[PDB]
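# First portion of the complex, with coordinates as positioned in the assembly:
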Amino acid sequence: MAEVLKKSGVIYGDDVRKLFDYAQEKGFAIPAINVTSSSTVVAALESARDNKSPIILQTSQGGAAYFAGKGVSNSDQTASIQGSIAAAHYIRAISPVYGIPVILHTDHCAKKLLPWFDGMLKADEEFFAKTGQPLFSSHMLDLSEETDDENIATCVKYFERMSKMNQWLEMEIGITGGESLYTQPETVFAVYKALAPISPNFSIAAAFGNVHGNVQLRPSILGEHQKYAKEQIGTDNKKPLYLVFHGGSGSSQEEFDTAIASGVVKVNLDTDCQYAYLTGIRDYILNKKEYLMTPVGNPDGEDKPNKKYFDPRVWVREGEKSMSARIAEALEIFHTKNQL
């Protein structure tokens, strides 16, 4: 199953489960990087290559709509649909040159955003019939606001449709129902019971104090999810569930270690990467002031041109470098560094 470590580009099907299985066997998680442009995609691909690590690229509903541009009407999810498709084609085309396995993912999709999910699945199915692979490696459903029965049932419908393409499905379950502030292991296993007969290519993001009153992070309950599933399945697998860590910003190295030791394979990163991307472009035109105010600028008088300095290939690059540095911090924390 270690054949995925030598794969180049976006992986699909059993290769996604092989990567997550290798993550569970070796005891590391992969950061899931929210991307909104070709520049943020490159920052993530470069960081994972320079650290010899796999990476997960994901577009949120707003991030995918940004790939299409805010000028596109998103009232019918059209911008999110067309933008995620366009982002998928870009990532599929450029990731092989970085020589790392890449999981192409989509982020939270609530019940109201299901037209976005339906549109992506439609493009996935058209691409699968042509090439034998879908566009995205995986999709995420966030029906945590709905009842646990309706959330799981709707997940069942889509997973039946996605399993035709061997597509991975991530689902989120909360504390809705149908302590009381954390998803109980019985509820998490109810997700496994409904999805496992369809396909093993699914992951679960449960509520365990990861706010995204003051509920503290309870990473120990993740190990309870695995022990409960293992006892109900009847196997020697200590980590039968693929768990996801949403909203991990601010957690200590100890909380991440216990979560990864409980079978967490994926840790979402968004806001922290957005700020890092800004600081590089922030530090550029700040320390290069009056070099960009006009096409006149400095060092001398009006005789000097500013084309060398306002070139977007120069200063947007500074945002990529600082974003890649922040992702490298996560690769070290999650032990993803130097796993390929």
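Happy to help now that I have it. Numbers count the residues shown, from 1 in each chain, chains lettered A, B, ... in the order given.
# Tell me where the stretch 201-340 of chain A has helices.
A:220-233, A:253-260, A:271-287, A:312-333 (DSSP state H, counting those that start in this stretch).
# my read: residue A:310 touches residue A:292, true?
Yes: the criterion here is C-beta atoms under 8 Å, and residue A:310 meets it with residue A:292 at 5.1 Å. (C-beta placed from N, C-alpha, C; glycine too.)
# returning to what we had before: any chance of the helices of the stretch 201-340 of chain A in CSV, plus mean neighbour count?
Shown next, in CSV, are those (neighbours: other C-beta atoms under 10 Å):
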stretch, mean neighbour count
helix A:220-233, 18
helix A:253-260, 18
helix A:271-287, 16
helix A:312-333, 18
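# can I get these in JSON lines with distance to residue A:111?
JSON lines is the format used below for the helices of the stretch 201-340 of chain A (distance: least, C-beta to C-beta, whole Å):
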{"stretch": "helix A:220-233", "distance to residue A:111": "24"}
{"stretch": "helix A:253-260", "distance to residue A:111": "28"}
{"stretch": "helix A:271-287", "distance to residue A:111": "24"}
{"stretch": "helix A:312-333", "distance to residue A:111": "30"}
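# For residue A:93, find the nearest of the ones you listed.
Closest to residue A:93 of the helices of the stretch 201-340 of chain A, according to C-beta to C-beta: helix A:312-333, at 18.1 Å.
# Show me what that closest one is packed up against.
Counting by 3 or more C-beta pairs under 8 Å, 6 or more residues apart in numbering; DSSP states H and E, the packing neighbours recorded for helix A:312-333 are strand A:30-34, helix A:38-50, strand A:264-269, helix A:271-287.
# among the ones you listed, which is nearest residue A:7?
Taking those one by one with C-beta to C-beta, helix A:38-50 is closest: 12.9 Å.
# That closest one: which residues count as buried?
Across helix A:38-50, burial judged by 16 or more other C-beta atoms under 10 Å covers A:39, A:40, A:41, A:42, A:43, A:44, A:45, A:46, A:47, A:48, A:49.
# what's the distance between the helix or strand following it and the middle of its chain?
Of the helices and strands lying after helix A:38-50 in sequence (DSSP states H and E), the nearest is strand A:55-59. Mean-position distance between strand A:55-59 and its chain equals 4 Å (C-alpha atoms, centre = their mean, to the nearest Å).
# again, but for stretch A:307-319
28 Å.
# Export that stretch to CSV, keeping only CA atoms.
Taking C-alpha atoms only, stretch A:307-319 is exported to CSV below (Å, rounded to 0.1, in the frame of the first residue of the first chain):
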residue,chain,number,x,y,z
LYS,A,307,8.0,48.2,-13.6
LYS,A,308,10.5,46.0,-11.8
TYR,A,309,8.8,46.6,-8.5
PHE,A,310,5.0,46.5,-9.1
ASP,A,311,5.4,43.3,-11.2
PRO,A,312,2.8,41.0,-9.6
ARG,A,313,5.2,38.1,-10.1
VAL,A,314,7.5,39.7,-7.5
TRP,A,315,5.3,40.8,-4.6
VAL,A,316,2.5,38.1,-4.8
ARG,A,317,5.5,35.7,-4.6
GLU,A,318,6.3,37.2,-1.2
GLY,A,319,2.8,36.1,-0.1
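# As CSV, could you dump the C-alpha coordinates of the helix or strand hosting residue A:94?
Assessed by DSSP H and E, residue A:94 sits inside helix A:78-94. The C-alpha atoms that make up helix A:78-94 are tabulated as CSV, following Å, rounded to 0.1, in the frame of the first residue of the first chain:
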residue,chain,number,x,y,z
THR,A,78,-23.0,28.6,-10.2
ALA,A,79,-19.8,30.5,-9.2
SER,A,80,-19.0,27.8,-6.6
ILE,A,81,-19.8,25.0,-9.1
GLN,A,82,-17.8,26.5,-12.0
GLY,A,83,-15.0,27.8,-9.8
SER,A,84,-14.4,24.4,-8.0
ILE,A,85,-14.4,22.7,-11.4
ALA,A,86,-11.9,25.2,-12.8
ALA,A,87,-9.8,25.0,-9.6
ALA,A,88,-9.9,21.2,-9.9
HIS,A,89,-8.6,21.3,-13.5
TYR,A,90,-5.8,23.7,-12.5
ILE,A,91,-4.7,21.6,-9.5
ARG,A,92,-4.8,18.3,-11.6
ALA,A,93,-2.6,19.9,-14.2
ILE,A,94,0.1,21.6,-12.0
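# Extend the structure above with chain B:
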Amino acid sequence: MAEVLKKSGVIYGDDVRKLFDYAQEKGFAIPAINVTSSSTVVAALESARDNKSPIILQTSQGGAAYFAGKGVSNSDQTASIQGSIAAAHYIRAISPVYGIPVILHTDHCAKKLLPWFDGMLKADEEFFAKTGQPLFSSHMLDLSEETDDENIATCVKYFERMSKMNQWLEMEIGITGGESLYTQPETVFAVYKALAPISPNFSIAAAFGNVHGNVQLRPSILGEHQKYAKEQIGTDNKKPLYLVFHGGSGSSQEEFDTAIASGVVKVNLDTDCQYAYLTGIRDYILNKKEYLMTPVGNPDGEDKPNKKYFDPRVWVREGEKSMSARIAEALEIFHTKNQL
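That brings us to chain B, laid onto the chains above:
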């Protein structure tokens, strides 16, 4: 031939000549916008849609390499090759949602950059055998530094290869040879004589004072190119040649009008769009100072978060708006506005 005006997305083959023929018949030129990212692509597509106008998107050797990221070694043109391919797939996927005809182009490619040209043609041929269309609508060769005989002969080889996919070829001719500061009409017609029997899908960018001593712009010689070709061809077509205007920044409205009246269909825009793209992002973090310096910021104390302000979907958008405004100025000048 006016059927191209209702086309959505990237056009290929005879549709490119139909658009250029409609440009010559109606007397307008189309701006060629250099793009380096998904954000600059969106700025151009949105500007042309909002002005009901066709648009040309082009990647230079450096711009295509930027689509792959500076971290990718470009010593073998690999970054330029892989980046242009990835940019082509992104533009093909997202342009239909803007509802405008789009010409996908690549910019200057000198003799030393021919490995970049060969790599793109290879991907074009693989895509053409699969889908019946190449990736790019057109490519540009810049062998103006070579002798006119070697420039034209090398153009002949590639045009023979590109005509198999009905691909458009733009070539540049200068003052090399084999006044003396401007390309003579006989030299321009020598290009037509060698390329026309292969395919009519070619355009010529001649030297006429467009520096890119102090040679003044000589747009009148473009009308001399057309009259010389018409007399040698023996036809009633007053504009048998498709002409391109490189380095038009700083030209007056009168010089553009006389050039377009001489059959110019394409005016390159690069530096002016780079600066416009910066000013929006420049004006953002300038007028929003200390709102981005930390994840603490303002208006109040440390109690307030800055996530709403350093979100790249917010401030990079400001760069798209100012870039789209600059492109709209060119659409008005070149009379491309309100032609669809």
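# Chain B added, so what about the buried residues of helix A:38-50 now?
A:38-50 (16 or more other C-beta atoms under 10 Å in any protein chain shown).
# what do you get for stretch A:236-255?
A:239, A:240, A:241, A:242, A:243, A:244, A:245, A:246, A:247, A:248, A:251, A:255.
# for stretch A:8-25, same thing?
In stretch A:8-25, counting by 16+ other C-beta under 10 Å, buried: A:9-13, A:15-24.
# Take these and keep only those in strands.
Judged by DSSP state E, strands contain the following of the buried residues of stretch A:8-25: A:9, A:10.
# Go through the buried residues of stretch A:8-25 and say which is closest to residue A:96.
Once C-beta to C-beta is applied, the member of the buried residues of stretch A:8-25 that ends up nearest residue A:96 is residue A:9, at 3.8 Å.
# check contacts around the closest one.
Shown in contact with residue A:9 (C-beta atoms under 8 Å, 6 or more residues apart in numbering or on different chains): A:92, A:95, A:96, A:101, A:102.
# Quick check: it vs residue A:177, distance?
Residue A:9 is 41 Å from residue A:177, where distance means C-beta to C-beta, to the nearest Å.
# Run through the neighbouring helices and strands of the helix or strand residue A:157 falls within.
Here residue A:157 sits within helix A:148-163, counting by DSSP H and E. Here helix A:148-163 touches helix A:114-131, strand A:138-141, strand A:168-173, helix A:185-195, going by 3 or more C-beta pairs under 8 Å, 6 or more residues apart in numbering or on different chains; DSSP states H and E.
# right, so of these, which gets closest to chain B?
helix A:114-131 (8.9 Å; C-beta to the nearest C-beta).
# How about that closest one, which residues are buried there?
Applying 16+ other C-beta under 10 Å to helix A:114-131 flags A:116, A:117, A:119, A:120, A:121, A:123, A:124, A:125, A:127, A:128 as buried.
# near chain B at all, that helix?
No: using C-beta under 8 Å from any C-beta of the partner chain, helix A:114-131 stays clear of chain B, with a minimum separation of 8.9 Å.
# contact partners of that helix?
Here helix A:114-131 has contacts from A:61, A:64, A:76-78, A:80-81, A:84-85, A:88, A:106, A:109, A:133-136, A:139, A:141, A:158, A:161-162, A:164-165, A:167, using C-beta under 8 Å, 6+ apart.
# Distance check, residue A:80 against chain B.
Distance from residue A:80 to chain B, counting by C-beta to the nearest C-beta, to the nearest Å: 11 Å.
# what does residue A:226 give?
Distance from residue A:226 to chain B, by C-beta to the nearest C-beta: 33 Å.
# sorry, back to before: among the contacts of residue A:9, which pair sits farthest apart?
A:92 and A:101 (12.9 Å).
# More neighbours: which of these two?
Taking neighbours as other C-beta atoms under 10 Å in any protein chain shown, residue A:92 and residue A:101 compare with residue A:101 leading, 27 against 21.
# Does residue A:14 touch residue A:167 like I think?
No: applying C-beta under 8 Å as the test, residue A:14 and residue A:167 come out as separate, 11.5 Å apart.
# For these two, list the residues in contact with both.
Joint contacts of residue A:14 and residue A:167 (C-beta under 8 Å, 6+ apart) are residue A:201.
# What are the phi and psi values at the closest residue to residue A:222 other than its chain neighbours?
Leaving out its chain neighbours, the residue that sits closest to residue A:222 by C-beta to C-beta, 6 or more residues apart in numbering or on different chains is residue A:262, at 3.7 Å. In terms of degrees, to the nearest 10, the main-chain angles of residue A:262 are phi -100, psi 20.
# burial of residue A:262, as a residue count?
So residue A:262, with other C-beta under 10 Å, has 23 neighbours.
# Contacts only, for it.
Per C-beta under 8 Å, 6+ apart, neighbours of residue A:262: A:219, A:220, A:222, A:223, A:225, A:226, A:239, A:243.
# what about 10 Å?
A:24, A:208, A:219-227, A:238-239, A:241, A:243, A:245 (C-beta atoms under 10 Å, 6 or more residues apart in numbering or on different chains).
# Considering those residues, which is situated nearest to residue A:274?
Using C-beta to C-beta, the contacts of residue A:262 come closest to residue A:274 at residue A:245, 18.2 Å.
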